[PDB]
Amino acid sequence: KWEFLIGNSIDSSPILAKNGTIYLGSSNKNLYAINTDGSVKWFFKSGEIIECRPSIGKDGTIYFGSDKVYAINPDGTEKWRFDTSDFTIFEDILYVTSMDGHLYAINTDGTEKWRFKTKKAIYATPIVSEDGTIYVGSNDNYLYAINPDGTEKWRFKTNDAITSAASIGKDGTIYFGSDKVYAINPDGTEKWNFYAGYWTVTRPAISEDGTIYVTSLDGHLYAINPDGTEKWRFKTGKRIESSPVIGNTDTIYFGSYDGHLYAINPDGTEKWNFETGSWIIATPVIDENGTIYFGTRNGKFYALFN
């Protein structure tokens, strides 16, 4: 209303980064500010921020590093600051998938540019590469590469439904999971595949040095080399249902379903672990400051600083 007189602003939505990460967008605008001395100033009531004390290993050893972990329990009025997708917008075009099996390309006004049909329902989040190619998997077991004009560049057959978004390395290699982890070349040919102990339902995280990290329902964080060989695996006692996230210092973070948070060094050794006591199912997100957030089922969220 009164657009010709009063300005308006669209809400900030999280965007899936090609490296497999998910950036808040609004970053910490509504969450916190960084003091000159480096301290963190949370925009929440005094008695809702609790600094956690991570451990190292299981012997009870206390973690004493640069990483800081905070437990935030926002009041109902504060829930909006942090939301405890089936679409992606690219160059004024909305790419949204549908359980009807089609990938839809919608204009700003909401009209349909074109639609691409797959044989089964799609539950995966679509991603768009630099050259406009849209990558998305379907319950029909295929990963599709669709051109900007809605035509099929190619498709890659797997042995299981693709319900997670794909990741793209600097190289251009496309990484995704179904019956196993797959690395596909820009032209649609397979570079290699790796079985992470279970079918894959989360997005792979791509490091700067090229390492591909994938969490697995088998209770392990796997580190895969660019050539598809296993670098190492880190064992947890609980299934991991969400993707891992890479911190500003190359540390890899993730949490098992029971809310057990883990920080792993690139060499595969544990940096720290922390039991929140709160089940989690949502994937972690990161802001422009590298701060990582783990939202819990019970309304709270844990923020990790570096």
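The numbering used is simple: start at 1 and walk along the sequence shown.
Next on the checklist: Can you tell me how many deposited residues have no coordinates between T84 and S85? The categories are none, 1 to 3, 4 to 9, and 10 or more.
Outcome noted: Missing in between: 4 to 9 residues.
Checklist entry - Of the two stretches 184 to 192 and 105 to 113, which shows the higher Cα B-factor on average in the entry? => result Here the higher of the two C-alpha B-factor means belongs to 105 to 113.
Item to check | Of 269 to 277 and 60 to 68, the one with larger mean CA B-factor | outcome: Result of the comparison: 60 to 68.
Checklist entry - Taking the values straight from the PDB record, which of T251, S256, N28, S55 has the highest C-alpha temperature factor? => result Most elevated C-alpha B-factor of the set, per the entry: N28.
Item to check | Candidate residues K120, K157, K170, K153, the one whose C-alpha B factor the record puts highest | outcome: The listed residue with the largest C-alpha B-factor is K170.
Item to check | Within-chain third of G228 by Cα B-factor, per the entry | outcome: Answer is lowest: the recorded C-alpha B-factor places it there.
Item to check | For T77, the third of its chain into which the C-alpha B factor falls | outcome: Highest third of the chain for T77's C-alpha B-factor.
Item to check | Among modelled residues of the same chain, the CA temperature factor third for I292 | outcome: As the PDB entry reports it, the C-alpha B-factor of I292 lands in the middle third of its chain.
Next on the checklist: Looking at the temperature factor on the CA atom of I22, which third of the chain's modelled residues does it land in?
Outcome noted: It falls in the top third of the chain.
Next on the checklist: For the chain shown, is the CA B-factor of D218 in the lowest, middle or highest third of its modelled residues?
Outcome noted: CA B-factor rank for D218: lowest third.
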